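Asker: Quick one, structure for this:
(3 chains, ligands or ions: 2)
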Amino acid sequence: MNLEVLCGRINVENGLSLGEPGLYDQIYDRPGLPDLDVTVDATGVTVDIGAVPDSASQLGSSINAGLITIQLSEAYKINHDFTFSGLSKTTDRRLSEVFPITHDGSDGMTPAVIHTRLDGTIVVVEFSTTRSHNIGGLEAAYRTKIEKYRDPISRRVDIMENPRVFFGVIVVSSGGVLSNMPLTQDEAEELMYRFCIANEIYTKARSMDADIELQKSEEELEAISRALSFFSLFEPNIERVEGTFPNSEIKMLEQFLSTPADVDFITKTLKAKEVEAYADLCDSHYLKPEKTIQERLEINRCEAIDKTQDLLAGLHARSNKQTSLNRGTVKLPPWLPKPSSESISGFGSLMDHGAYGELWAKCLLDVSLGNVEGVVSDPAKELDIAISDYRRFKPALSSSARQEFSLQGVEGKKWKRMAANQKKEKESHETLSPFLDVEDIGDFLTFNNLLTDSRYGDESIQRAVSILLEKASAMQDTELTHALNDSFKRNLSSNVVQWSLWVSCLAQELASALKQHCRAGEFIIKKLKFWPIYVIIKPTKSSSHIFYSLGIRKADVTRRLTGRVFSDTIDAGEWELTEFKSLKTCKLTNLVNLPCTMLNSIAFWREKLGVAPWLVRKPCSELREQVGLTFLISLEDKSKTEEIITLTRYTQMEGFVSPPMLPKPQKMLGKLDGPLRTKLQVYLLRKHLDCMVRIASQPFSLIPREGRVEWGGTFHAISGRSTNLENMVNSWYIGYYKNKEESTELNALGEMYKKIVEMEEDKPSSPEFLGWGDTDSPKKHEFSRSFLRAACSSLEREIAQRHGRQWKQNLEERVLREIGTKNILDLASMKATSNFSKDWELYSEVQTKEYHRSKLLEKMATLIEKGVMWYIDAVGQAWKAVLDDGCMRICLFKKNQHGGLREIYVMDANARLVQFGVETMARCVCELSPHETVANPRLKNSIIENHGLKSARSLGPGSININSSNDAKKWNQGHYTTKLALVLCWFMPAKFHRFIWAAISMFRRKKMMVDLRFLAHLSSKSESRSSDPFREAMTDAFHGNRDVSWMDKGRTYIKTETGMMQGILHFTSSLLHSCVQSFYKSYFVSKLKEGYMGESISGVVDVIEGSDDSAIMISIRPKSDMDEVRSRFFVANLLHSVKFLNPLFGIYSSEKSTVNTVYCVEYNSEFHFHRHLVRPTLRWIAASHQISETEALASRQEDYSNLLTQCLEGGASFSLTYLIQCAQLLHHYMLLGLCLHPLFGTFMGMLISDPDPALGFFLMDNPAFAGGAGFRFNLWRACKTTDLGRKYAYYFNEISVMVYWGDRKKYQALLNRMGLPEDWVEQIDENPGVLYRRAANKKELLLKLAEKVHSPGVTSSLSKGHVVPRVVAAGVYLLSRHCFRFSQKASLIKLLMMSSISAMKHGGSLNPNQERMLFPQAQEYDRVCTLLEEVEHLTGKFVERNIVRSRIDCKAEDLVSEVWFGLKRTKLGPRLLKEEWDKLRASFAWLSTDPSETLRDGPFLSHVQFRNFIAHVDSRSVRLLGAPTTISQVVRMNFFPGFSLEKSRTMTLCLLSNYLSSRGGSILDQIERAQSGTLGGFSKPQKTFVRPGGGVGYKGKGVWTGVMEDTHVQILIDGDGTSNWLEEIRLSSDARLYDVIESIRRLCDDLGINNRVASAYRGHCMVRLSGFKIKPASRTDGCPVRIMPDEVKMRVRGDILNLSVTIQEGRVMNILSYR
RNA sequence: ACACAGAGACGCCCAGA
RNA sequence: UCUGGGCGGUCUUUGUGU
Ligand SMILES: O=c1ccn([C@@H]2O[C@H](COP(=O)(O)NP(=O)(O)OP(=O)(O)O)[C@@H](O)[C@H]2O)c(=O)[nH]1
Ligand SMILES: [Mg+2]
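Answerer: Numbers count the residues shown, from 1 in each chain, chains lettered A, B, ... in the order given. Ligands and ions are numbered 1, 2, ... in the order given. Below is the structure in question.
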C-alpha cells in the first residue's frame, strides 16, 4: 500500500536517530484464507487467488484476488517479496549514489527501499520477515539488522553538512509486527495477513524439489558471492612464484590443458610394458620353457632357501659370531609367592653373597634397627587425614659394590670413563648372530605351566575382586552371569595371571615412585601390599630410567613359572635376590596392564579353539603356545621384536596366489634386514624364515565345496601348527601388544631422518621429465604427461557419465559454497602447530633457547582478535606471508605406530590456511568419483559386495573371480608435487587454476626443523666413526665439509624439494589414484574386449581405491576347459602389468601387494575371503585398556564402554565381551588404588553402603547383550532396580564427583593468553540466537570461541602420553587426600560419608518426569531391556565359518531453533510443527515460546546449559559379525560361535497384525518408523470441473509427494481429459532402483497411469525411464528420473485386502495390502 | 638394564669449599 | 671432587584425514 504517507509522517530535527521500536500484536479479528491455486512450471510458480472470505473487519484491501507469478531464482524470498510487494518500489540504488564515497567498501549492495524525497534525506526502510513465535527471536533479528546497518551509515554521516538521515527497520511475524516508523494498526493487520497467506503459499510450494533443495537463504548466496569476489580478485604475483619456487611456470598447465595426449606414444608404450611384463613373468615365475606345477614349486623353494641363507650369512657376518649366550627375555624373577598379609634368624649370611647381597643385608639391618614407617603407609595415619579435613637409607657401599652397580646403570654416569664400563658399552652394541641357540624359548612356548591352576581362590585380592564382581552382577543375578563370573574366577586363578598381579603391582608402584628424587647413594625400599616381596628402588627422574632390585625369603616362594626364559637370580643364604634392572615411563604401561592382557588372551584363545567358558578342559599345546607368545611379546616390548611378526601377514597372504603364478613369499627379505639384539628376535626371525620356505613349497589348498569355497592347509605364522583361517589372520596381529606410545631416544631420531633425505638426493637434474614431456622408461619421481592426460580424461568421462553433463558447474557451485561457508573458528582446534620461522634458522643464535610447539587454537584466536572472521579474508594474508618467506615451514617428530617407522610433519599457522582450500577442493572433486572411498565411506563395503551381484547379473552362474590387492611404496616422497596440481586442475573450472597451481607450487621448497638437542649432540661430534654413510653425511653437512642441497653450514633445518608430505595432500593424491584406477579399468575392459585369439572374454572389471591401497576385481566366465587356462593366463598378465604401468604414473608398486588372488581381497585390513568377512579382533582386544585422561570419574566408565563397543564390533562374541568387561572392571579398580592404598577394604566396605558410579563403582553390562548397550543403559537399569534412583532423585530435588588433573595450571594459562572476556555469559544469555546458527559478525564469533574454549572436549585435550602410568601414580592419594571436587577439595572417603549420612533422608523413586528429563532415550532402553528375558539360562545346543557383517538399529534441536528464531530446519509443516511443540511441552512443562520465560522459569541459569541439554536430548546403532525377532536372532547366534542359546514379508504381516489389533497409535507412523515407506499424497488435487472429463477432473497438472524406501518421491502427473500420464519423477536414494520401480508401477496401475507420453524435458538427467523399464539417460523418449499427517478412513474393499489411503480423489492407493 | 648397524640416557638447576 | 637445598599436567609429546 501507500508509502508517501508512511514516509512524510516522520520529522527529523537535528540528525540521525534510531527511533522507538513499537510492537503491535494481534488486535482485530482475522478472516480465514482465500482460495489459492498454485502451479509450479519449468520457469516459474504462479498463484490464482480466490475470493476473500468475508472481510467484516476491513482486512484484505491490499490483496487483488487475481493472478501472480514468481521465478524460481526469486522463490526463496516468496514471503519477503509477496508480503511486502505493495510497499516495494523499483529503485536499484545505494546510499553510495546519494552520498559521496568514503572508500569504506560499501558501494555495491541495494538496501531495499531507500526513498529519498523528504527534504533531502535518505530513510533506508529496510525489510525483514521471520517465523518466530515469540519476541526474543524478533528482538534478535532486529538487533542483528541494526548492528549490520548502523556503523557504515554513521561513517557516511559526516561527509555533508546538516545530515537528515533517519534509518528504520520493519519486522513482521505471525505473533505481531514491530517497527520504528509511525505505523497504525490497520496496515499492520494487512502485513500480518499478507504474511500468513504468503506462508500458506510457501508451504504449498515446498512440495516441489526445486524449492526444497534450493539455496537456503541469503547466507549461501552471500558466501558464494564473497568467494567469487575473492577468487576473481586474487593475484598471487605469479612472476614471483616462478622466481622463488622451482618448476612454477604456468606453461606446464597451459600445455597440459591444450596439447592432447599423443595416441602413438600411448600405443607404443603399452605394448612395450606388455612385452616387458610378459618377459618378467616368464623369467621370474618359471614359464619358459614349459614345466609342471610341482617342479616349479621345488625350484621356487630352492630360490627361497638360497635367499634366506644369503640373508642369514649377511646377518651373521656383521654379528659377534657367538652360538651361545645366557640372556633372559623376561627380565623379571619367576617367583609366584603366596600373599598373606603385612609381615614387616641369621641376618649376616647375606653379606658374603656378592655386592647385591651386601646392599640387601645393609639395608635390612637398617630396617630392623630403624623405623618401620616409610616402607609402607600405616592405615591409621592415612585414615587420620581424610576424616580430619617414603623410606630413605644411605648405605656405605664399597668401591667394588659401586662398580658392580655402575656396570648395570645404577649411578653409571659418574663411572663412565672406567675400563669395565667402557668394555660393557663396547660389547653392548654387538649384534646377536642368527645361529644362536634359542631352543629354550621354543621349549618354553611349547611346554609351560602358565595356564595351570594356582590355587589361590581364597586370596584377599581375589576375594576383593570377587565381591566387587558379585555386587556389579547383583542387579542381574541369573545363571548365565554366574557361570561366566565363575569362568572369570578360574581365569583369575591361573599361574600367569597370579604372577602378573604382583608384576603389575610392582610396575604401578614404580610408576608412583617415578616422581621422587633421591640423593647420591640413597635408595627407596618398599613392600608389595599383598605379596612378601621387597623392592629397592633407585630413582633418577621421570624422563629417565628407574632402577629396581627384588628380594624375597626362600620360604615364601611357593612355586615358580617353568621355563628358562627368565634372568638369573642371585641365591643368597636365606634370601633370593635380583640384580638391578631398569624401566622407563613408556615401558611401564604394558606391565601395568599385564593381568588384564593375560585374562583377555586366555578368553580369546580359549573360545577360538572351540571350548566353551563353562566347560572344564586341560590346556592344549596351541593354546599354551599362543598365550606364551603373547606373554613374551608383552614382557619384552621392543619394536624389532614385533616387526617380524607384523610382516607375517604380508608373508602369509602370498599363499592364496592362484595359477598360473607361483607364490612369492621371499620378496619380504628386504624389510627383514636389520640387527637382532634379543634371543626372541632371533627365534621369531628363524620361524619366519621357515614359514616363508613352507609357503613357497606349497600354496594354500583352495577346495570348492558344494556351496562354498574353503581354504585348507593354513597354519600359524610362528608356532607353525595347522589352525583355521580366522586363527591365522588373528595370529598375524599378535604384534600389537607392544605399546604404541614408545618414548624415542635421540639416537633413533637420526635414522628416521633417512627417509626424508635418501629419496630427495636422487632428484633428476633435468626437469623436462617432471611434467613437460613423455618417457617410456621413466626414472623415479618422473612421469609421463600423456599418460596423466589419458587417466584424467578417463576419470572425467566416468564422472560425466555418472553425474550427467555439465557437472563442472555443480562442482563449481559446491566448491564455492564449501569455501564461502567456512569461517575462522572451524579451523581453530587443539592440534599442534609449528613455530619454526626465520629467527630459528641459525644455530649460533638458538643454542640456548629451546623450541616449543604452540596450539593452533591460540593463533587462530589471535587472528580472530585482529578483526578477521571469514576464511577467505585470511588466505590472502597467509599467502603474502608465505611468498615473502620464500618457503613452507615444517617441524617433525615420530608417529607412535606399530606398522613400521613413520615421520610426521606439522605445518605453521600460515600454510594450514592455504592447504585447507585445496583440501576442500580435492574432497569435493573426489565426492564425484564412483570408486574413491576416502571421501565416500559407503563405497568401502559396497563395491566388493556389489561385484558379486554385477557378476551374477552380467555373467550368470559359474563365474571365476580374480582379485589383486595392490599397495604402493613411498606414496608420499614418490609423488613430485607438480603431478597433483595438474590432476586437480583438470577437473576444476578455468578461473580457479591460478590459485590451485600456486597453492600446490609451495610444496616444492620444504623447510624442516630438526631437533635442537640432536644438533647440540652432533655439533660436538665433528668426527664420526659409524658404519653407515648417513651419519657422516649429517656430520659433514652440518659442519660444511662437503656441499649438499639438503643442509648448509650451521643451519637448524633440512631442505626438501621432492615429494609431498603424509596426508597433507591426502584428497588430491586420492584423486590421482582414482584417475589411475579408472585408466586401468578402461584398459582392462579394452583388453577383455579384444580377446586373446580375437574372441572376446565376457567379464566385468571394477576397481576400488583409497589413499595408496587399491584393489582390482575381474570376474570372467570361461566356456570350456581349454578356454579357462588361457583366460586365467590373460587375466594374470593384465593384473601383473600394473607393476610396470605404475611407474609411468610415478607410482611404485610395493612388495606388500598380493597379486592374482582368486576369491580373496584385502582393502583396508578388511579381508574378504569370498562370502566370509574376516576382521582382526586382537587389535581391538589389545585396545581395551588405553583410556583418555579425564576429570569426571564416570567418564572413565564411558571410555571403557566405548572401547568395549569397539571390541564387540570387531567380531567378538558376547562371552568375550563380558569377560573383557570383567577385565576392564579389574583394571579400573586397580587404577583406583587397589594395590597401592592401605585403605581400600574400608573403601570397599563403604561401597557396601552405596553402589554409586559417580563415587567409584563400576557398572557391568548384561552378559547376553554386553557391549551393544552404552554406559547410560547400565546407569538406567541400576537406577530403576536399585537404591541409586533414590540418591539421584534426591540430588535432582536438592538442585558429579570430579577430580582436577594439575589443578588446571595449563588451562588457566591458556585462557590468559587469549584475553577473552569473563563477562561473556550474560552476552550469550541476552542473545539466545548466537547459537543454533553458524555466525554473522565478529562479536558473535568471539562469543562462540569463548563457548568453545569452555568445553569438556577442550578441557580433556591437554593430556600427554603415558596416560595409564600418570593415572595410577595418583592412586596412592586418590582416596586419602583432598583431591576430588563435588558439585572444595575433599577425599573420596569424605564424599562417601557425606552420601551415607544423607542416605537416611531418602525415599520414593524416580518419577517419569525426572527420568525423561535426565535419561532421554528411555523408550528404546526399555524396548531392548524387555527383549532379553527370553534367554536367561545356559540352555542350548552346539551346532561357525560363515561370518559376515550385520547391522542393528522432528528432533528437538531443529524444533526449538525454528520456534524461537524462525530458522528453517524442519521438513514438517506448521500443523506438525505445532503438534511436535505441544509434545515437547508435554515432555517438559517449563518450556515456553519466549526464550526469557524458559530461561527464568527453568532449572538452567544461563542459555549454554539449556543448549547442552537440548544437544543431549537428541539414536544408537551397532554393527556386528555373524551368520546371515532380529534382536533375538542375533543374541542367540552371537553368544558363542557354533552354539545356539535356546522388502520383508514377515514385517508386512507384523504391520498388518498391528493394524487389525491397534496395539500402538497411528498405523501410518508405525509403518514409517518400521522402514517400509509408501506414505504421502497429492498437493495439487487434479482440479475437477465437470463429469465429462476422464474421471471428472484428472486434467492439467498434479504432483504426488511422499516417502518410499527413504526417498523424496515427487511424481508429476498430468492428464488431457482422455488419458493420464506421468511427466517427471524425482528420487532421493538410489539404493534399490528396481524394487522402487516395481512399487511405483504397482501404485500406478491401482490408480491407472500410462507412460506412453515420454516427456518435454531434455535438460540435466541421470537416468531416463521409458515405460516400466530402465533406458539410457539420453537415448530416446522416457522421463527424467532426477536425483537431488491425517488418518480419517482406512476402510477395506472386498475379495482383496485393502488399506484406503485415498488422499484427494476417489481412487484407493495400497501401501502393503495385497491379497 | 633401555636406546642404537656405536649420534642418546644412566639425573637436572642452586648459593657454598 | 665434596657441602646444604629445590625440582611434575614438567619437558620429550603427538600432524593430515575418515
Ligand atoms: O598415520 C598416518 C598413516 C598413513 N598416512 C598416509 O597414508 C599413506 C599410506 O600409508 P602407508 O602405511 O602405506 N605408508 P607409505 O608412505 O605409503 O609407505 P609403505 O608403508 O611402505 O607402503 C601414507 O603414505 C601417508 O601419506 C598419514 O598421513 N598418517
Ligand atoms: Mg600402503
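
Asker: what's the nearest residue to the residue of the stretch 1051-1200 of chain A at minimum distance from ligand 1 if we skip its chain neighbours?
Answerer: Among the residues of the stretch 1051-1200 of chain A, residue A:1063 lies nearest to ligand 1; the distance is 2.7 Å by C-beta to the nearest ligand atom. C-beta here means a position set from N, CA and C on the backbone, and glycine is covered the same way. If the residues on either side of it in the chain are set aside, residue A:1063 comes closest to residue A:1107, at 7.8 Å by C-beta to C-beta, 6 or more residues apart in numbering.

Asker: And that neighbour, how far from residue A:942?
Answerer: According to C-beta to C-beta, to the nearest Å, residue A:1107 and residue A:942 sit 18 Å apart.

Asker: what sits up against whichever strand or helix holds residue A:1423?
Answerer: Residue A:1423 is located in helix A:1418-1425, with elements delineated by DSSP states H and E. The contact list for helix A:1418-1425, computed with C-beta atoms under 8 Å, 6 or more residues apart in numbering, reads A:1265, A:1269, A:1272, A:1273, A:1276, A:1277, A:1411, A:1412, A:1415, A:1516, A:1527.

Asker: any idea which of those is the one closest to RNA strand C?
Answerer: For RNA strand C, the closest of the contacts of helix A:1418-1425 turns out to be residue A:1516, at 19.2 Å, with distances computed as C-beta to the nearest atom of the strand.

Asker: Can you name the residue of the stretch 951-1100 of chain A nearest ligand 2?
Answerer: Here the residue of the stretch 951-1100 of chain A nearest ligand 2 is residue A:967; by C-beta to the ion that distance is 4.3 Å.

Asker: Against RNA strand C, how distant is that residue?
Answerer: For residue A:967, the distance to RNA strand C (C-beta to the nearest atom of the strand, to the nearest Å) stands at 15 Å.

Asker: How is that residue classified with respect to secondary structure?
Answerer: Local secondary structure at residue A:967 is given as strand here, using DSSP: H, G, I helix; E, B strand; the rest coil.

Asker: show me the contacts for the residue in the stretch 1051-1200 of chain A positioned nearest to RNA strand B.
Answerer: Closest approach between the stretch 1051-1200 of chain A and RNA strand B, counting by C-beta to the nearest atom of the strand: residue A:1054, at 11.7 Å. For residue A:1054, the contact set (C-beta under 8 Å, 6+ apart) comprises A:753, A:756, A:757, A:1008, A:1010, A:1046, A:1047.

Asker: still on that earlier bit, the residue of the stretch 1051-1200 of chain A closest to ligand 1 falls within a helix, correct?
Answerer: No - with three-state DSSP as the criterion, residue A:1063 is coil rather than part of a helix.

Asker: that older thread, neighbour-wise, which of residue A:1107 and residue A:942 wins?
Answerer: For residue A:1107 versus residue A:942, neighbours defined as other C-beta atoms under 10 Å are more numerous around residue A:1107 (19 against 14).

Asker: Please identify the helix or strand for the residue of the stretch 301-450 of chain A found nearest ligand 1.
Answerer: As assessed by C-beta to the nearest ligand atom, ligand 1 sits closest to residue A:311 within the stretch 301-450 of chain A, at 19.1 Å. Secondary structure from DSSP H and E places residue A:311 in helix A:293-317.

Asker: quick one: contacts of that helix?
Answerer: For helix A:293-317, contacts defined as C-beta under 8 Å, 6+ apart pick out A:285-286, A:431, A:433-435, A:659, A:662-666, A:669, A:672-673, A:675-676, A:689, A:692-693, A:696-698.
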